Amino acid sequence: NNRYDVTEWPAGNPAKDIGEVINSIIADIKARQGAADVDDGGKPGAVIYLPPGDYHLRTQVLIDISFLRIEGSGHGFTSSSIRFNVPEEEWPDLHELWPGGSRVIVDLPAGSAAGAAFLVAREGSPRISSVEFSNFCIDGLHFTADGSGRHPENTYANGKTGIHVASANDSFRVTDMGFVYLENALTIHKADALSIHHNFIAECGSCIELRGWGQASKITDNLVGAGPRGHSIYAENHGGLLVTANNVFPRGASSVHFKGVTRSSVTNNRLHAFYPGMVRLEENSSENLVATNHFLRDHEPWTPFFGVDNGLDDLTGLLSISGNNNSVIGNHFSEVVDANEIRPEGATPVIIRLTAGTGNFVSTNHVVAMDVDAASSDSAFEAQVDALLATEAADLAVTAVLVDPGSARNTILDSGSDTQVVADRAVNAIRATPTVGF
Amino acid sequence: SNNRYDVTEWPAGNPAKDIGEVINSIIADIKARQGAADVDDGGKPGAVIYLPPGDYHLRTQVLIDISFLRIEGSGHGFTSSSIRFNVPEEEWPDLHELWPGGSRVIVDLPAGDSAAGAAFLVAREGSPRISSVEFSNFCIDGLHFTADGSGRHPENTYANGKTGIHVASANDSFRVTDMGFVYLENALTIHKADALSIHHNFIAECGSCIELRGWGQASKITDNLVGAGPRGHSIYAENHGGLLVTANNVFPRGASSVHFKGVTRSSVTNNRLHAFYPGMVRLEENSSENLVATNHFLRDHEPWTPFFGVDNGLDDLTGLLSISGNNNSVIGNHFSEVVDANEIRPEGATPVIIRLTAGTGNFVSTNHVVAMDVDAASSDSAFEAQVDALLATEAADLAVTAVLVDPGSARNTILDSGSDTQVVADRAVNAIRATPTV
Amino acid sequence: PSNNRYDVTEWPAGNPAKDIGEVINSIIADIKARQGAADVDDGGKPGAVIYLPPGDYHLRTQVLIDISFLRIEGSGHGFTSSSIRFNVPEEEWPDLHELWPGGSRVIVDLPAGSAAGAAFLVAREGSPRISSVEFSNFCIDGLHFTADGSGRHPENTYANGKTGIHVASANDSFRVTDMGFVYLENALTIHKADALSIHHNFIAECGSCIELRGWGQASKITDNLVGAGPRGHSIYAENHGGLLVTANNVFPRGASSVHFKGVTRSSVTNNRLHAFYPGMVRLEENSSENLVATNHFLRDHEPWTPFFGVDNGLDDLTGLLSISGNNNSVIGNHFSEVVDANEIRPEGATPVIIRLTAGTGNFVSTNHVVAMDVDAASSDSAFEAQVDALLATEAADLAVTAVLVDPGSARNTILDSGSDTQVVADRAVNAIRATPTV
């Protein structure tokens, strides 16, 4: 009946090597489903079920058939980041130490496709289609030394990937997953009509990367947190991408990063970063809608990462655009920084920066900037919650919109006062937000 | 063994008579088997408990004190007990069915200490926080509402002291998805939530639906269908930062649609909100730096006879959206105010749509207010009354105050959200641009 | 069985390969025989779940669903592009890895009727309304399109008289989730819906995808991937109030992306919409008080030879967004109009983006229009040229009319949605603020 359970397969042992088990199942599917056109069918695929459990993967799973679903019964997330920064003598008193759910422990050596627990690859025609990953946990266990000289467990470096799709694909789904302690959670090349929906992708170096090219895809309703040298959501050479209803929290280098992305929408997300450069439209990213997002940029409050950042200064912008004919409408920006820590020394922080391109429409954006002392404490979630709720601050001067001379013929409306909008009025259409009074 | 249980395949007790006893027995088994936290990089992966479709009485509270527990069913099972209990009792035997169904947990607990009346209590102290508990695709039914001295018929009081799911302890990465809740005084109450997702549920005919209490961070409430009772909350949060509330369809008859106390740096964006009373969206007690964008607000009069004279106590000067806090952003919303002028309270008042009661720096831009003077048509048949009222747009104009800025609020910016007559505010101390008119 | 769980491959004497319709009807009869009493121990008709493992199932008898709380579920949406495959020369088929859709696949082998041609018919009259039926994560495939006198190749006609799911009766709290629909004249037709959720489906290569007929209220269509055919609807609703349409990625080639007739107090917000024809979003027949916000619209030319000269009959004066109704709100949308200037229809016309044909009090604000001139080009490549065309931004400017107000619409407000030249409207009876120019 094309239904498998990894705990009820005679070949191998999913505790020891679930990779071998799953590959054996896939070989069985292929052996049974050899003919493509028998009574209007023949290759319907299969479902592989992972009950809740701790499964070591020592052999990469190769998925090269369409319509394979791999499903579990728990996303299994717990903060290994918190646990590895608890003093080791206290570990025996903790209720648990590791992630759980339907848990795939990635025990591969470092790559980068070779370090992927699941590799989806098939060449030829048609494109591999409608593979589904649902409601299981992929755990890379540890981060290791890399010459950054953070403590090993804080480097976000292990060469491991959760799911890597190498080949052109159509109608794929990744839903309800948990990813933790992977250098790369989810990397999908050459995607068409993909949906990445309602996952929990956190404490990974990079979370979601859509590479090569793609079209007509969506990234929706995810909880996402990356590492300071990595991407939270990245896409390149995608057209018609929809990124919406995500809650992106620290500490990726950025929240959303586009290279050559066109005719797409980044709308209605909540985005929180500890560094500038939250949303980056780069390399001729054009005709995109960036609307009704909530941006917060503030200072890392947790001691283990307090001095760690992404190398970008406060002139970068929270939103940076290099490309034509984009639409930036109805966003909220909260810039909550220690004025003494602003870089370069004596700079006015920038919120929206247009570095290149023409015809960008920036309207009806509210910028709120305040000066607060940067505080540091060891207790992660208490420090995080307190910092979000603290509104004890002085108003801070900011540049709401900076139009560099290399970007022209833009339209900037109701997104700051005249002093807050730094731009050449002769070659841009600028309407300052109305001033208080008569 | 494989950590998968089915409540109809347990040796002891009877899930039809007391599923609580059965689930607790299962949890005891899980704990007995999963005693070690660090055996081969695992040891406490949790489990899944499956409820097939069926009618299960719960007489003992379920206590969940382990991480990575999933409780799942095969049907949200909603039917309108409210409609049924307002059908004359002598006609009940002729109806196709009476009760909710699906994978149905009937809450037969006495009133609580409201935690004591919860069918499912999630509580664990110490470290780490309990994490990644999942509730999926089952039905929780409080069966009846009871007399409370309100003067309403007993089944219309929204009172029984029962909760569906109560999370007492700090928690991380919890999920509540695909549920049905019905006839509970409180459907879902979660304290101290971090990175919680309440997604794609059906939460209706409950006194209060979703309450996020204590504090919280980085959570989301998405894609829900929600309807509460006139003394209760539809969506409530307190001391949350970075909450995302989006893509919900909130229908009557909660006291409010969305109610925030001390909520900061959050987004209430792209929801459909329908109320029968003023005070639909309330930002209270220093709720600051929030985005309230591209929501559709409808306020009209209750059309269903059993509740025609029942309300939330608030008059038409309250506002549909009321803000007490700093630096919020109210952008791109639609407000339909559809009321009978003779029913306006107090007598002869001009209804207010957006009210800023306190705070500075609020940015209110590009909001369309539509106000109509209609009749008060009522009907004994619920879905007929409701559908006919939504489709009726036959009406003369009603004068309203689109934006009221109280003297306790100043330094706000109000743009294209009403004509000068429609914006009641001190022009000396706020920045005001009237919507252009002809 | 006593626990209300059925698997179509385990049904005694049934053969779901030959006729899964007969199997499912037999299962429904079994459920009804066991669940005859509505009110025993506060229950009695909880419904059931029917599971379809991955496999190829022919349906030769229509399934009639006339019970509440029935869930039909599978383990794969199973989509592959039959459109691409049927346009690959037949001599190349042997080298293709697969030829057909898969997953949990229901092949609709019914003759043309339109409810008679539906694989699943949901019908029950009387009281209460049938409630909380759920369809989840399976595939419905109409197999072939057939000759219809249009002169297209048979497999390109989008004509076969088959429906996936047809709900004929008033319904409450229904769900359609995670499905795949392919090669059906009508995917999903739901009459008289209340509090329906159509969420996270893949609905493509169907003549029409989603149609909500009769009337309805308080429903939502969210997070779907949708592509229809040139004579049909992508998303259609009539006489609905309080409908939320959001987070959908609608791609070609429906006659429209979203079509409303008599729809009121609803929201079409935060979708990505791509069409090869004008008339992408149509608000018709007194569609009033709707919010159309922060959508991304792209209109360009079909690149794929088999459909290059096929269209929806509408000229470039139609508008991308057309409104006939009162008091709507069109806020924060992005429109990309990418067409061949030499081939605009009618000859000599200037394309229109937003058209108000009738009605009063429409508020159109803060919309960005981007128009460019690109030559139309045909080729047989079935995804490469589609990706390439989305990514290409290589063009001359094209003059368009951003907002056209016909004399039959008046008392509208048009702000920052075009230059004075781009807004064609009677200034005596409409309030116009031109986008500031440089």
Side-chain angles (χ1 to χ4, degrees), chain A residues 74-88 90-91 93-101 103 105 137-143 150-156 158 162 177-183 185 199-205 207 222-228 230 232 247-252 272 274 300-306 308 377-388, chain B residues 37-38 41-46 66-68 124-134 167 169-175 192-197 215-219 241-242:
Chain A
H75 75 285
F77 183 89
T78 186
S79 182
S80 288
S81 181
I82 286 170
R83 195 270 284 190
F84 289 130
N85 290 279
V86 174
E88 185 163 350
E90 299 168 30
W91 294 353
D93 293 338
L94 297 172
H95 294 291
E96 63 265 347
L97 262 12
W98 295 109
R103 179 168 172 241
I105 300 163
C137 169
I138 308 174
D139 180 4
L141 216 64
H142 297 280
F143 290 131
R150 300 173 208 170
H151 291 154
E153 300 289 1
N154 299 331
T155 60
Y156 290 86
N158 61 21
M177 298 289 297
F179 301 83
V180 58
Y181 257 59
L182 298 157
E183 179 162 345
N199 304 281
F200 196 101
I201 323 180
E203 304 182 4
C204 295
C207 295
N222 299 285
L223 275 151
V224 187
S232 308
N247 195 317
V248 185
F249 46 80
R251 57 176 68 74
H272 176 203
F274 290 148
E300 170 71 75
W302 193 34
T303 305
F305 291 92
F306 186 83
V308 173
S377 86
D378 296 21
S379 64
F381 72 84
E382 291 162 39
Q384 287 155 6
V385 177
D386 287 343
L388 281 176
Chain B
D38 193 27
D41 306 319
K44 296 187 174 191
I66 54 165
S67 287
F68 325 125
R124 193 182 72 184
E125 304 307 323
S127 297
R129 292 167 295 169
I130 191 163
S131 293
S132 299
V133 174
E134 297 179 350
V167 178
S169 304
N171 51 276
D172 189 37
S173 198
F174 273 31
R175 293 181 176 168
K192 296 184 285 190
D194 185 354
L196 163 71
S197 188
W215 49 258
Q217 65 173 358
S219 297

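A note on names: the letters A, B, ... follow the listed sequences, proteins ahead of strands, and every chain is numbered from 1. Quick note: numbers below take in every heavy atom, side chains included, and nothing from hydrogens, waters or symmetry partners.
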Considering residues at least two apart in sequence or located in another chain, which fulfil the side chain to side chain donor-acceptor pair (under 3.5 Å) criterion with [X]?
X        : value
A:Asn247 : A:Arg270
B:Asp41  : none
A:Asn199 : A:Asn222
A:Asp139 : A:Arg103

Does the side chain of [X] reach to within under 4.5 Å of the side chain of [Y], using non-hydrogen atoms?
X        : Y        : result
A:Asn158 : A:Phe143 : yes
A:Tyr156 : A:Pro228 : yes
A:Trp302 : A:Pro250 : no

Under 30°, 30 to 60°, or over 60°: which ring-plane class applies to A:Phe274 and A:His272, parallel, tilted or perpendicular?
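Correct class here is perpendicular.
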Using the ring of each side chain (for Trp, its six-membered ring), is A:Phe84 parallel, tilted or perpendicular to A:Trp98, with breaks at 30° and 60°?
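Perpendicular: the ring planes of A:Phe84 and A:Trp98 meet at over 60°.
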Residue set satisfying salt bridge (charged side-chain N to carboxylate O under 4.0 Å, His left out) with A:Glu96, at least two apart, ordered chain then number -> B:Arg124
List the residues meeting salt bridge (charged side-chain N to carboxylate O under 4.0 Å, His left out) with A:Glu183, not counting sequence neighbours, and say none if there are none.
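Partners of A:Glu183 by the salt bridge (charged side-chain N to carboxylate O under 4.0 Å, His left out) criterion come out as none, since no residue qualifies.
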For B:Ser67 and A:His95, which I'm curious about, is there any donor-acceptor pair between the side chains at under 3.5 Å?
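Their side chains do not contain a donor-acceptor pair, so the 3.5 Å distance test is not met.
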The single option from B:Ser131, B:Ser197, B:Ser132 that satisfies side chain to side chain donor-acceptor pair (under 3.5 Å) with A:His75 is B:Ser132
